[PDB]
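Asker: Data: my_file-v9.cif, mmCIF, C-alpha atoms (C1' of nucleotides).
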data_query
loop_
_atom_site.group_PDB
_atom_site.id
_atom_site.type_symbol
_atom_site.label_atom_id
_atom_site.label_comp_id
_atom_site.auth_asym_id
_atom_site.auth_seq_id
_atom_site.Cartn_x
_atom_site.Cartn_y
_atom_site.Cartn_z
ATOM 1 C CA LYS A 5 -4.719 -0.894 -17.470
ATOM 2 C CA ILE A 6 -0.924 -0.727 -17.605
ATOM 3 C CA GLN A 7 1.548 -3.520 -16.947
ATOM 4 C CA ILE A 8 4.005 -2.907 -14.114
ATOM 5 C CA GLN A 9 6.991 -1.302 -15.846
ATOM 6 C CA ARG A 10 9.022 1.893 -15.592
ATOM 7 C CA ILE A 11 6.921 4.860 -16.670
ATOM 8 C CA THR A 12 9.198 6.192 -19.407
ATOM 9 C CA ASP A 13 7.293 9.495 -19.593
ATOM 10 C CA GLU A 14 8.530 12.181 -17.213
ATOM 11 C CA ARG A 15 5.360 14.127 -16.392
ATOM 12 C CA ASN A 16 3.584 10.770 -15.987
ATOM 13 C CA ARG A 17 5.762 9.098 -13.354
ATOM 14 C CA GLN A 18 5.969 12.327 -11.349
ATOM 15 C CA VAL A 19 2.146 12.234 -11.181
ATOM 16 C CA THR A 20 1.484 8.515 -10.706
ATOM 17 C CA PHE A 21 4.092 8.717 -7.943
ATOM 18 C CA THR A 22 2.679 11.798 -6.238
ATOM 19 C CA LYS A 23 -0.690 10.012 -5.938
ATOM 20 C CA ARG A 24 0.066 6.275 -5.945
ATOM 21 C CA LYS A 25 2.216 6.966 -2.881
ATOM 22 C CA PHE A 26 -0.671 8.637 -1.050
ATOM 23 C CA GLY A 27 -2.407 5.356 -1.813
ATOM 24 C CA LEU A 28 0.364 3.427 -0.083
ATOM 25 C CA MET A 29 0.124 5.798 2.885
ATOM 26 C CA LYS A 30 -3.669 5.345 2.882
ATOM 27 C CA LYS A 31 -3.586 1.540 2.727
ATOM 28 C CA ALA A 32 -0.952 1.659 5.479
ATOM 29 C CA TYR A 33 -2.909 4.080 7.665
ATOM 30 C CA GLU A 34 -5.888 1.754 7.264
ATOM 31 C CA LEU A 35 -4.012 -1.464 8.068
ATOM 32 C CA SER A 36 -2.349 0.422 10.925
ATOM 33 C CA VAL A 37 -5.725 1.071 12.537
ATOM 34 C CA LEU A 38 -7.684 -2.055 11.608
ATOM 35 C CA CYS A 39 -5.188 -4.647 12.828
ATOM 36 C CA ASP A 40 -3.614 -2.462 15.541
ATOM 37 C CA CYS A 41 0.007 -2.413 14.390
ATOM 38 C CA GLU A 42 3.034 -0.147 14.074
ATOM 39 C CA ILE A 43 4.137 0.690 10.524
ATOM 40 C CA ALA A 44 6.888 2.764 8.929
ATOM 41 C CA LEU A 45 7.222 3.659 5.246
ATOM 42 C CA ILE A 46 10.291 5.091 3.512
ATOM 43 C CA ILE A 47 10.310 6.334 -0.088
ATOM 44 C CA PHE A 48 13.232 7.880 -1.976
ATOM 45 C CA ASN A 49 12.391 9.020 -5.509
ATOM 46 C CA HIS A 50 14.837 8.786 -8.423
ATOM 47 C CA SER A 51 16.423 12.034 -7.169
ATOM 48 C CA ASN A 52 16.875 10.800 -3.591
ATOM 49 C CA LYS A 53 14.282 13.052 -1.965
ATOM 50 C CA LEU A 54 12.750 11.452 1.115
ATOM 51 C CA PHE A 55 9.077 10.745 1.715
ATOM 52 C CA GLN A 56 8.138 8.974 4.944
ATOM 53 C CA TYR A 57 5.121 7.645 6.819
ATOM 54 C CA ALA A 58 4.712 6.178 10.292
ATOM 55 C CA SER A 59 1.503 5.256 12.092
ATOM 56 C CA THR A 60 3.246 6.495 15.256
ATOM 57 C CA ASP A 61 6.874 7.413 16.040
ATOM 58 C CA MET A 62 8.976 6.725 12.945
ATOM 59 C CA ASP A 63 12.361 6.388 14.627
ATOM 60 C CA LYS A 64 10.974 4.302 17.500
ATOM 61 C CA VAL A 65 9.960 1.707 14.904
ATOM 62 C CA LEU A 66 13.170 1.834 12.856
ATOM 63 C CA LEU A 67 14.990 1.289 16.152
ATOM 64 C CA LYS A 68 12.864 -1.654 17.317
ATOM 65 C CA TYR A 69 13.671 -3.021 13.858
ATOM 66 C CA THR A 70 17.462 -2.863 14.174
ATOM 67 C CA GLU A 71 17.214 -4.613 17.551
ATOM 68 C CA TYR A 72 15.000 -7.439 16.240
ATOM 69 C CA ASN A 73 16.933 -10.711 16.314
ATOM 70 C CA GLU A 74 14.474 -13.491 15.439
ATOM 71 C CA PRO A 75 13.890 -14.528 11.816
ATOM 72 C CA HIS A 76 10.991 -12.752 10.164
ATOM 73 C CA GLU A 77 9.121 -12.169 6.922
ATOM 74 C CA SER A 78 11.326 -10.196 4.521
ATOM 75 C CA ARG A 79 9.974 -9.460 1.046
ATOM 76 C CA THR A 80 11.579 -7.780 -1.952
ATOM 77 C CA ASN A 81 10.112 -6.772 -5.297
ATOM 78 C CA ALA A 82 11.436 -10.123 -6.527
ATOM 79 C CA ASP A 83 9.529 -12.038 -3.844
ATOM 80 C CA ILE A 84 6.316 -10.281 -4.885
ATOM 81 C CA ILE A 85 6.938 -10.588 -8.618
ATOM 82 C CA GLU A 86 7.262 -14.350 -8.133
ATOM 83 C CA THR A 87 4.146 -14.484 -5.931
ATOM 84 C CA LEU A 88 2.023 -12.759 -8.577
ATOM 85 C CA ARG A 89 3.682 -14.548 -11.403
ATOM 86 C CA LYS A 90 2.933 -17.886 -9.683
ATOM 87 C CA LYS A 91 -0.713 -16.783 -9.834
ATOM 88 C CA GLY A 92 -2.038 -17.184 -13.371
ATOM 89 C CA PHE A 93 -4.353 -14.298 -14.233
ATOM 90 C CA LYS B 4 -19.290 -5.028 2.586
ATOM 91 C CA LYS B 5 -17.246 -1.870 3.151
ATOM 92 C CA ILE B 6 -15.699 -1.394 6.580
ATOM 93 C CA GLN B 7 -14.968 1.428 8.991
ATOM 94 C CA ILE B 8 -11.297 2.135 9.687
ATOM 95 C CA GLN B 9 -11.436 0.898 13.280
ATOM 96 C CA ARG B 10 -9.821 -1.762 15.447
ATOM 97 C CA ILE B 11 -11.081 -5.215 14.462
ATOM 98 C CA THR B 12 -12.120 -6.432 17.912
ATOM 99 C CA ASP B 13 -12.377 -10.043 16.712
ATOM 100 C CA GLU B 14 -9.111 -11.946 16.998
ATOM 101 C CA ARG B 15 -9.069 -14.276 13.981
ATOM 102 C CA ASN B 16 -10.525 -11.466 11.855
ATOM 103 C CA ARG B 17 -7.687 -8.958 12.313
ATOM 104 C CA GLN B 18 -5.175 -11.822 12.035
ATOM 105 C CA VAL B 19 -6.603 -12.429 8.532
ATOM 106 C CA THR B 20 -7.228 -8.886 7.284
ATOM 107 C CA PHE B 21 -3.671 -8.206 8.466
ATOM 108 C CA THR B 22 -2.046 -11.181 6.764
ATOM 109 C CA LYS B 23 -3.632 -10.139 3.441
ATOM 110 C CA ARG B 24 -4.101 -6.365 3.619
ATOM 111 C CA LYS B 25 -0.357 -6.193 4.289
ATOM 112 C CA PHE B 26 0.492 -8.195 1.176
ATOM 113 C CA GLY B 27 -1.556 -5.463 -0.481
ATOM 114 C CA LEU B 28 0.687 -2.789 1.000
ATOM 115 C CA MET B 29 3.718 -4.745 -0.202
ATOM 116 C CA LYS B 30 2.069 -5.098 -3.623
ATOM 117 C CA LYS B 31 1.125 -1.416 -3.905
ATOM 118 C CA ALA B 32 4.675 -0.598 -2.797
ATOM 119 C CA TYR B 33 6.267 -3.056 -5.217
ATOM 120 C CA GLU B 34 4.258 -1.433 -8.011
ATOM 121 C CA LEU B 35 5.065 2.172 -7.081
ATOM 122 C CA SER B 36 8.680 1.069 -6.635
ATOM 123 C CA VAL B 37 8.916 -0.133 -10.232
ATOM 124 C CA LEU B 38 6.668 2.344 -12.036
ATOM 125 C CA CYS B 39 8.075 5.609 -10.691
ATOM 126 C CA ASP B 40 11.617 4.260 -10.136
ATOM 127 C CA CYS B 41 12.086 4.713 -6.385
ATOM 128 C CA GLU B 42 13.454 2.924 -3.327
ATOM 129 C CA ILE B 43 10.893 1.855 -0.726
ATOM 130 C CA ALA B 44 11.056 0.170 2.669
ATOM 131 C CA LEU B 45 8.209 -1.105 4.847
ATOM 132 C CA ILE B 46 8.411 -2.067 8.513
ATOM 133 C CA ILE B 47 5.442 -3.628 10.314
ATOM 134 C CA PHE B 48 5.241 -4.861 13.891
ATOM 135 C CA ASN B 49 1.961 -6.565 14.753
ATOM 136 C CA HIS B 50 0.410 -6.054 18.178
ATOM 137 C CA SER B 51 2.640 -8.829 19.592
ATOM 138 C CA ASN B 52 5.814 -7.224 18.206
ATOM 139 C CA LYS B 53 6.553 -9.778 15.491
ATOM 140 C CA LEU B 54 8.424 -8.133 12.635
ATOM 141 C CA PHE B 55 7.436 -8.031 8.986
ATOM 142 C CA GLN B 56 9.481 -6.104 6.451
ATOM 143 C CA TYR B 57 9.586 -5.179 2.784
ATOM 144 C CA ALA B 58 12.184 -3.353 0.710
ATOM 145 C CA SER B 59 12.231 -2.808 -3.051
ATOM 146 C CA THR B 60 15.990 -3.436 -2.958
ATOM 147 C CA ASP B 61 18.359 -3.585 0.058
ATOM 148 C CA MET B 62 16.564 -2.777 3.311
ATOM 149 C CA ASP B 63 19.836 -1.813 4.996
ATOM 150 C CA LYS B 64 20.941 0.521 2.203
ATOM 151 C CA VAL B 65 17.650 2.412 2.463
ATOM 152 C CA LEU B 66 17.581 2.602 6.267
ATOM 153 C CA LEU B 67 21.116 4.026 6.081
ATOM 154 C CA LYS B 68 20.265 6.611 3.409
ATOM 155 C CA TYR B 69 17.442 7.583 5.762
ATOM 156 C CA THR B 70 19.658 8.172 8.804
ATOM 157 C CA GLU B 71 21.994 10.231 6.614
ATOM 158 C CA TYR B 72 19.167 12.412 5.264
ATOM 159 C CA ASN B 73 19.469 15.985 6.534
ATOM 160 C CA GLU B 74 17.064 18.070 4.419
ATOM 161 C CA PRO B 75 13.365 18.507 5.233
ATOM 162 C CA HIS B 76 11.017 15.921 3.779
ATOM 163 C CA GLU B 77 7.445 14.664 3.625
ATOM 164 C CA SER B 78 6.608 13.246 7.062
ATOM 165 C CA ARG B 79 3.105 11.859 7.544
ATOM 166 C CA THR B 80 1.352 10.185 10.468
ATOM 167 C CA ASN B 81 -2.073 8.633 10.946
ATOM 168 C CA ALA B 82 -3.154 12.103 12.090
ATOM 169 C CA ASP B 83 -1.972 13.810 8.897
ATOM 170 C CA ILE B 84 -3.958 11.302 6.834
ATOM 171 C CA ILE B 85 -7.032 11.457 9.057
ATOM 172 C CA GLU B 86 -7.095 15.227 8.544
ATOM 173 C CA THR B 87 -6.461 14.830 4.793
ATOM 174 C CA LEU B 88 -9.424 12.478 4.348
ATOM 175 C CA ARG B 89 -11.545 14.416 6.856
ATOM 176 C CA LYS B 90 -10.935 17.581 4.813
ATOM 177 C CA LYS B 91 -12.282 15.764 1.763
ATOM 178 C CA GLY B 92 -16.002 15.389 1.117
ATOM 179 C "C1'" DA C 1 -7.675 19.115 -11.505
ATOM 180 C "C1'" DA C 2 -11.964 16.616 -12.296
ATOM 181 C "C1'" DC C 3 -14.586 12.844 -14.348
ATOM 182 C "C1'" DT C 4 -15.128 8.208 -15.604
ATOM 183 C "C1'" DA C 5 -14.202 4.473 -17.815
ATOM 184 C "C1'" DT C 6 -11.457 0.054 -15.649
ATOM 185 C "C1'" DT C 7 -8.858 -2.443 -12.812
ATOM 186 C "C1'" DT C 8 -7.656 -3.924 -8.671
ATOM 187 C "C1'" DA C 9 -8.272 -4.816 -3.438
ATOM 188 C "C1'" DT C 10 -10.758 -7.391 -0.238
ATOM 189 C "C1'" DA C 11 -14.903 -8.749 2.982
ATOM 190 C "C1'" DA C 12 -18.008 -12.774 3.599
ATOM 191 C "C1'" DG C 13 -19.105 -17.616 2.667
ATOM 192 C "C1'" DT D 1 -8.499 -22.141 0.619
ATOM 193 C "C1'" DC D 2 -11.668 -20.283 -3.000
ATOM 194 C "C1'" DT D 3 -15.185 -17.654 -5.001
ATOM 195 C "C1'" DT D 4 -17.854 -13.718 -5.366
ATOM 196 C "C1'" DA D 5 -20.406 -9.605 -4.694
ATOM 197 C "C1'" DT D 6 -19.177 -4.771 -3.198
ATOM 198 C "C1'" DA D 7 -16.006 -1.481 -2.844
ATOM 199 C "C1'" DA D 8 -11.969 1.121 -3.388
ATOM 200 C "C1'" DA D 9 -7.819 2.535 -6.627
ATOM 201 C "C1'" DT D 10 -6.194 5.029 -10.384
ATOM 202 C "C1'" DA D 11 -5.354 5.396 -15.691
ATOM 203 C "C1'" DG D 12 -7.233 7.525 -19.238
ATOM 204 C "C1'" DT D 13 -9.617 11.924 -20.852
#
Translate the structure of the given file into structure tokens.

Answerer:
Amino acid sequence: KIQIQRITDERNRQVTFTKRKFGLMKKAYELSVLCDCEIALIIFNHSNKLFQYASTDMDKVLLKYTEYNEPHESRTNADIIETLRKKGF
Amino acid sequence: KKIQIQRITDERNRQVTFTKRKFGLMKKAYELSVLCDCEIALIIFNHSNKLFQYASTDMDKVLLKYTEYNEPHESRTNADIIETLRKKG
DNA sequence: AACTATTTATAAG
DNA sequence: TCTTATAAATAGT
């Protein structure tokens, strides 16, 4: 196992990335179908190249999002760090 | 114990798979975010159009960057991933 | 790439 | 909530 930290190697991160992201798209695709929901993923690498996923119409979702006015779940890496760290392994 | 990628017809099933499988997505994203040094943004509407969001850093900054993006880029759908797991066995 | 030793993700109870 | 048995994810080789 590795602990979650910046892959300092260059050929490593560009491989982990290229596959770990397909994972994210997979898990999303699956959740998308199972629970019947719209999803939209957006990934910029360190060199600002775009990679995107959407169960359906990407921009229709990103729009719906801007219009949303109620409060709603909003997580950051910090939120998730402190939800796994408050979870003694 | 494994499941088929198909609409959970039960109501309090999907509403549980969802609530946890999505924290997985956020997790997997959070990890990829840190490891390979990249900006990521998740947008999920459930079937009743309640919003859930994740962003490694600033959601707005990423959604902007996205609308500015002009080059071609990786652009997946459920179809693309169906036909990438169907052409695999 | 491909293989497998390991770890993680999660379905049922 | 909380295991736990089964399964998927991916780091090492």

Asker: Please provide the set of residues having any atom within 12 Å of residue A:51, restricted to all atoms listed in the file, with same-chain residues fewer than 6 positions apart removed, written as a list in words.

Answerer: residues 18 of chain A; 39, 40, 41 and 42 of chain B

Asker: Compare B:88, B:46, B:58, B:37 by their minimum atom-to-atom distance to residue A:62, counting only C-alpha atoms, and give me the closest one.

Answerer: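 Comparing B:88, B:46, B:58, B:37 against residue A:62, the winner is B:46.
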
Asker: Would you mind listing what lies within 12 Å of stretch 2-4 of chain C as a PyMOL selection string, with all atoms listed in the file counted and same-chain residues fewer than 4 positions away left out?

Answerer: chain D and resi 10-13

Asker: Run the PyMOL selection byres ((chain B) within 12 of (chain C)) mentally over the shown coordinates, then write out the matched residues as a list in words, using the chain letters and numbers from the document.

Answerer: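 With the shown file as input, the PyMOL selection byres ((chain B) within 12 of (chain C)) matches residues 4, 5, 6, 7, 16, 17, 19, 20, 21, 22, 23, 24, 25, 26, 27, 28, 30 and 31 of chain B.
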
Asker: Name the residues captured by the PyMOL selection byres ((chain A) within 8 of (chain B)) when it is applied to the shown file; answer as a compact mmCIF listing (two decimals) with C-alpha atoms, in the frame of the given file.

Answerer:
# COMPACT_ATOMS: atom_id res chain seq x y z
CA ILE A 8 4.00 -2.91 -14.11
CA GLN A 9 6.99 -1.30 -15.85
CA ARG A 10 9.02 1.89 -15.59
CA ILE A 11 6.92 4.86 -16.67
CA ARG A 17 5.76 9.10 -13.35
CA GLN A 18 5.97 12.33 -11.35
CA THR A 20 1.48 8.52 -10.71
CA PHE A 21 4.09 8.72 -7.94
CA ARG A 24 0.07 6.28 -5.94
CA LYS A 25 2.22 6.97 -2.88
CA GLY A 27 -2.41 5.36 -1.81
CA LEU A 28 0.36 3.43 -0.08
CA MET A 29 0.12 5.80 2.88
CA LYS A 30 -3.67 5.34 2.88
CA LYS A 31 -3.59 1.54 2.73
CA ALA A 32 -0.95 1.66 5.48
CA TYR A 33 -2.91 4.08 7.66
CA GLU A 34 -5.89 1.75 7.26
CA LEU A 35 -4.01 -1.46 8.07
CA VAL A 37 -5.72 1.07 12.54
CA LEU A 38 -7.68 -2.06 11.61
CA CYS A 39 -5.19 -4.65 12.83
CA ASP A 40 -3.61 -2.46 15.54
CA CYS A 41 0.01 -2.41 14.39
CA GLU A 42 3.03 -0.15 14.07
CA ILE A 43 4.14 0.69 10.52
CA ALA A 44 6.89 2.76 8.93
CA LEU A 45 7.22 3.66 5.25
CA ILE A 46 10.29 5.09 3.51
CA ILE A 47 10.31 6.33 -0.09
CA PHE A 48 13.23 7.88 -1.98
CA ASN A 49 12.39 9.02 -5.51
CA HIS A 50 14.84 8.79 -8.42
CA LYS A 53 14.28 13.05 -1.96
CA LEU A 54 12.75 11.45 1.12
CA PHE A 55 9.08 10.74 1.72
CA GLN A 56 8.14 8.97 4.94
CA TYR A 57 5.12 7.64 6.82
CA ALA A 58 4.71 6.18 10.29
CA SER A 59 1.50 5.26 12.09
CA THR A 60 3.25 6.50 15.26
CA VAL A 65 9.96 1.71 14.90
CA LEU A 66 13.17 1.83 12.86
CA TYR A 69 13.67 -3.02 13.86
CA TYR A 72 15.00 -7.44 16.24
CA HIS A 76 10.99 -12.75 10.16
CA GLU A 77 9.12 -12.17 6.92
CA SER A 78 11.33 -10.20 4.52
CA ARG A 79 9.97 -9.46 1.05
CA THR A 80 11.58 -7.78 -1.95
CA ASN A 81 10.11 -6.77 -5.30
CA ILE A 84 6.32 -10.28 -4.88

Asker: When the PyMOL selection byres ((chain D) within 10 of (chain B)) is applied to the structure above, which residues does it catch, written out as a VMD selection string?

Answerer: chain D and resid 5 to 8

Asker: Could you write out as AutoDock Vina command-line options the box around chain D (axis-aligned, all atoms listed in the file, 6 Å on each side), with centre and edge lengths in Å to one decimal?

Answerer:
--center_x -12.9 --center_y -5.1 --center_z -10.1 --size_x 27.1 --size_y 46.1 --size_z 33.5

Asker: Enter the distance from atom CA of residue A:85 to atom CA of residue A:6, in Å, rounded to one decimal.

Answerer: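 Interatomic distance, atom CA of residue A:85 to atom CA of residue A:6: 15.5 Å.
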
Asker: Figure out the distance between atom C1' of residue D:9 and atom CA of residue A:26, please, to one decimal in Å.

Answerer: 10.9 Å

Asker: Can you tell me how far atom CA of residue A:91 sits from atom CA of residue A:22, in Å to one decimal?

Answerer: 29.0 Å
